[PDB]
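To begin, one chain is listed below as structure tokens, in the form deposited in one PDB entry.
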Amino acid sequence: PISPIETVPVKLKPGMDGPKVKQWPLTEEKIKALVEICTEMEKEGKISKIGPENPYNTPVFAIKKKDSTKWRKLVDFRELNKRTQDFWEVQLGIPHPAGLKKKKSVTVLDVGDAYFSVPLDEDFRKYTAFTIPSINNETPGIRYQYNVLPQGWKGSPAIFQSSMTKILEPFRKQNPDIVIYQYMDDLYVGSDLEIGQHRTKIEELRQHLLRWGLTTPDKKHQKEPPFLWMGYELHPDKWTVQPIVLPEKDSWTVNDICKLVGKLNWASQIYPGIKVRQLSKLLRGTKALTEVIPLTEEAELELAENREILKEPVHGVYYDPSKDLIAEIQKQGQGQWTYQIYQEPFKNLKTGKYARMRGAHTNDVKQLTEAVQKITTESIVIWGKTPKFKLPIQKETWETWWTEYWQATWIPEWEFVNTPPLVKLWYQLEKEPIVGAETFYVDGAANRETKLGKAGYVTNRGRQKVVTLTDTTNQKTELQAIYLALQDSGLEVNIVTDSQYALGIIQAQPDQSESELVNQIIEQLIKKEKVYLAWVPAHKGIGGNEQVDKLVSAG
């Protein structure tokens, strides 16, 4: 049937008119599917024939559905979508199995031809004009328009989603303690009622649904764990993901890769310790989806590592509100992290990976703080509260960091976990200048025009060096000078620089960098026993800034 619900008023964007686009050629197979679909739809008044009043047209095609038997009638409304008013979308995100709590009885329902059971705005119908070509000798052929939502229009999903929420609203009011996870037309329904009373209630629901024009065929999961839902199989006490199959190409290409990472990321919600850094790296400069790319030895290795970890049998559990959310995080390499979320120790609710790199320069304690951050927002979506953490980081390392860092930062309630690799600060700047350590006055200068530079130092003990650099920048020369003083000093040293830029980087205590130069510096800072870095305004005659500035200005 067609839902007796009222339509959602839509407009074209101002000054714009509906599409005039020629039907492209369809397979024969597909045309037969189309008229089969179109004449039954037309009989039910979901589409109705139009004539030469309708100047418009937009191309239409079909593809097989998940059951591969049935055909889906689509429409390429790319042109019309482009000219349709905006919507505020209302699907805010994607329900997760780990968010379900245990229910005594469970049903999964799907709706017949969902979109096609929801009416389209009368005034807009005209722009949805299409035309089913037939066998070129028997028919022109037939030209229809939608009186219901088309599968391909920008406005359909949001309007269906709104209307379903509208439609279910009354049932939910009557039944505030039956839970209906509503994803487009896919309903998860759970209760704490015995099987046969639940089943009664399911029948009230289908009839409520049917009274609003929504048919529920079978297609209806029943006394039937495991339930197939939203990409998973839900068993009474455990859920799992439907098996993931990674490709097995032997000449991966950008698209092969982009889809390899795709699957792994999908996978990481339940498989611990998935990593995609080295793989993701390959994706870098390449300019075409097709651009075939050779694996790096480490991406090669990474992939092998993920392959073996998927070979393992894993499940998840359902959520128990009367119990803590716990999140434990392990450090991987290369700014990569894994977490696992649970309430009982070796029964994961779900897992995940944070690997994103924010910043040219950073260290492990910042990243760990970003992993915590992300995991918090995710928990708040899925469970609507915050987890207690288990971080591989000493209370001391944190307290040090939080005191040393000029920015506000905070990690919610947590506890240390002896699980290496532990997260540390890889070196410490002194707060006071070091007694009995050679004082280095460093500086750089670069000719903006020619890109030629000098970097060097004068020390208080009488030594002075200048390095000429080529193809550099002011900042680089100043980072270069700081690098030279580290190279040419003992385990303990004092460095004076006139460079906020460079002073701000090194102060932030990075252990990683995109900059090969800042890396080399980080290495030296780790080797040293005491470093102290003080700043001074430049070109103010504050020797021996006076002095080393004089040495590096032959530009």
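Start at 1 and count along the sequence shown; that's the residue number.
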Between 135 to 143 and 230 to 238, the record assigns the higher mean Cα B factor to 135 to 143
Mean Cα B-factor comparison, 214 to 222 or 303 to 311, giving the higher one as deposited: 303 to 311
From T253, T165, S268, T369, the top C-alpha temperature factor is at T253
Per the deposited entry, the peak Cα B-factor within the set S117, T386, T296, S105 goes to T296
Sorting the chain's modelled residues by C-alpha B-factor and splitting them into thirds places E514 in the middle
Split into thirds by Cα B-factor across the chain's modelled residues, where does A508 land: lowest, middle or highest? middle
Binned into thirds over the chain's modelled residues, the C-alpha B-factor of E529 lands in the lowest
Should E29 be placed in the lowest, middle or highest third of its chain by the C-alpha B factor in the entry? highest
So where's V536 on the chain's Cα temperature factor ranking, which third? lowest
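Another form, the form deposited with a small molecule bound, is not on view; read the next lines as being about it.
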Candidate stretches 292 to 300, 332 to 340, 220 to 228, 263 to 271, one within 4.5 Å of the small molecule in the deposited complex by heavy atom: 220 to 228
Under a 4.5 angstroms heavy atom criterion, identify the one residue in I159, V276, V106, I393 near the small molecule in the deposited complex. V106
Give me the residue from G359, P95, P433, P133 that has a heavy atom within 4.5 Å of the small molecule in the deposited complex. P95
Evaluate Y188 for contact with the small molecule in the deposited complex, applying a 4.5 angstroms cut-off between non-hydrogen atoms, and reply yes or no. yes
With the cut-off set at 4.5 Å between non-hydrogen atoms, does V179 touch the small molecule in the deposited complex? yes
Contact of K281 with the small molecule in the deposited complex (heavy atom, 4.5 Å): no
If we define contact as a non-hydrogen atom of the residue within 4.5 angstroms of the partner, is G141 a contact of the small molecule in the deposited complex? no
